[PDB]
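Below: one structure in structure tokens.
Naming follows writing order (A, B, C, D, E and F), and every chain is counted from residue 1.
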Amino acid sequence: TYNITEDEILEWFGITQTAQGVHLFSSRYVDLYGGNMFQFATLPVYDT
Amino acid sequence: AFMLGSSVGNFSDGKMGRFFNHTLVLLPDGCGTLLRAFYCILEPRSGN
Amino acid sequence: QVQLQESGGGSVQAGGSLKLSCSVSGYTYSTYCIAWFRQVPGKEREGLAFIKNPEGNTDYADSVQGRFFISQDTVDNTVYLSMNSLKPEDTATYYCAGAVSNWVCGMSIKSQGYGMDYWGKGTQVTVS
Amino acid sequence: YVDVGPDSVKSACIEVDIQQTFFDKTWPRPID
Amino acid sequence: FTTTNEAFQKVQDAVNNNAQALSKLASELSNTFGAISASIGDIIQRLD
Amino acid sequence: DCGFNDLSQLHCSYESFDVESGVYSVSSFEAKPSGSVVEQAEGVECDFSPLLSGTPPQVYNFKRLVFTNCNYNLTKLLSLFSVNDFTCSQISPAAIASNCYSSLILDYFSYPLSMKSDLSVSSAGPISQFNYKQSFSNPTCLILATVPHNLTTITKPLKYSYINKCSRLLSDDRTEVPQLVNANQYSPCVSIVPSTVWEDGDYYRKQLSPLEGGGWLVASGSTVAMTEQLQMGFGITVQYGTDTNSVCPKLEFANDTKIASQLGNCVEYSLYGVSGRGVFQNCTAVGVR
């Protein structure tokens, strides 16, 4: 579970798969008013 | 919200789009105030 | 460098309550786990409980679960072992033990301490 | 195996109405 | 003494040639030439 | 004596005893490190406990552990086991227990030592070709060990199951398309084959939906008999430029290896997985923090 602040601004999300798991990226928590996406979670999913 | 998986097929009445084994699911919740990520087996319920 | 010392042992009426102490010294890093064992004479060792230090979470063996309670003083880094409602089968020498790592105590108390590296002198207890 | 919570106890799911033609609007936001 | 002046551009070209001569030396120290690293200390640390 | 002096190396080049007025530049003086700086994760240890309890799966359902932002002690883990084989690529067996990484991946399974030759990518066999394959890029290590009697909580399985055919039946029902395994990935056939192969030579098949390209997925599991003590295999992979934190060994936490004290003088540094020599300064923040 990840808490999200409530607002109305443009946001970016992203997801990739590596041998390390499933990586989740978002614009929030680092670059909120830009759009750059930084990883915020790695999920233990190892089947492709 | 997303469903992600490694194997896909059809439901009972032939409709496409059933994920079989462990399935990754990303659901927002809380009127868009949290993001909930889980990874498990969705068994379709009966009923109308 | 690491020294473990048990104390507080004595004889109490069966169904009583008692508390040991295990002074611990020689740790330069806070990431370790400390376990309690007992040895009944003429048999093999078997573990009772353990505390994982940085996390603080504790676990106990099946036999003495609930009956015993383990804790640690925040300033003395010494672990305890509270027995309540003792029984005649609880006559043995209580051992203290530790390890370099932090994740071995769970396997250790369920494999009579195969993974430990540090041992205490022990403390005999006999219940009347 | 985590405990995700209490299994739902309702008998029937809500009726879902698929109307693709109502959602076929075109607002382009290409990558820049 | 602007960019339209063609002899001034030659002066700048000569200065730039000096700079490029130095920069190739500086930049070829980060080349690995097929090794596991371009740092000798890293190689010494990682291998036998 | 060539290395005695500046004039000596003047003479040894030019190959002569009467070097002309050859006004060299000669070898330079480099500074000596007056200290050492180390930063890393504090109070957190990589947790190998799941490896200790429960039944270890087969080679084709190997379980994977991923460690980031922790301190590790691989020697402690390898002490609890009777190490049969221990071979590393692009890293040395002594180094894998002492270097700093950004991510460590430990894949463990139940493997009988008899097919040790089937674990290298060379000598393909059925294991490296259908079951488990390590990446050729990152440094790797491979471990074969036996659990001792004194370690009780690893529940021994019932037999050594492993895939021998994982192949795809095209719609023509004539062509057989082998399904090679890709590095650090599960075989495509793990969805049908059960955890333990009931009988040596059994067959499994499933029909693929048109979304998956139709056809059939056909697999077969072979079995090798148990041993007196369980034999397991470990695969270790390490990555370098992936996290802002690192996986480092544990040190002794009573040292003076602080940046703020040795500010302005040449020092060794091991800030995280990255290390070198340099001079630090207080300075205005300029990147992404």
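We adopt the following convention: contacts are C-beta pairs under 8 Å (C-beta built on N, C-alpha and C of every residue); 3 or more make two chains touch, one makes a residue touch a chain.
Q: Consider the two chain pairs A-F and E-F; indicate the one with the greater count of contacting C-beta pairs.
A: Most contacts of the two pairs: A-F.
Q: Using the mean of all protein Cα atoms as the middle point, what chain has its own Cα mean nearest that point?
A: F
Q: Roughly how many whole angstrom separate the Cα centroids of chain B and chain F?
A: Spacing between the chain centres: roughly 34 Å.
Q: Between chain A and chain D, tell me the centre distance in angstrom, where each centre is the average of that chain's C-alpha atoms.
A: Comparing mean C-alpha positions, chain D is 21 Å from chain A.
Q: Cα centroid separation between chain C and chain F, in whole Å?
A: For chain C versus chain F, the centre distance works out to 36 Å.
Q: If you average the CA atoms of chain D and of chain E, how far apart do the two points sit, in angstrom?
A: Computed from C-alpha means, the inter-chain centre distance equals 56 Å.
Q: Can you name every chain pair that touches?
A: According to the stated criterion, the contacting chain pairs are A-B, A-F, B-D, B-F, C-F, E-F.
Q: With touch defined as at the start, can you tell me which chain B residues reach chain A in the complex?
A: For this pair, the touching residues of chain B are 2, 4, 6, 21-22, 24, 28, 30-37, 39.
Q: Which part of chain E faces chain F closely enough to touch in the complex?
A: 36, 39, 41, 45-48
Q: Taking the complex as given, what residues does chain D use to touch chain B?
A: Residue list for chain D touching chain B: 4, 8, 10-13, 15.
Q: Looking at the complex, which residues from chain F come into contact with chain A?
A: 64, 66, 68, 103, 105, 135, 182-186, 190, 237, 239, 242, 288
Q: Along chain B, where are the residues that touch chain F in the complex?
A: 6-10, 16, 20-21
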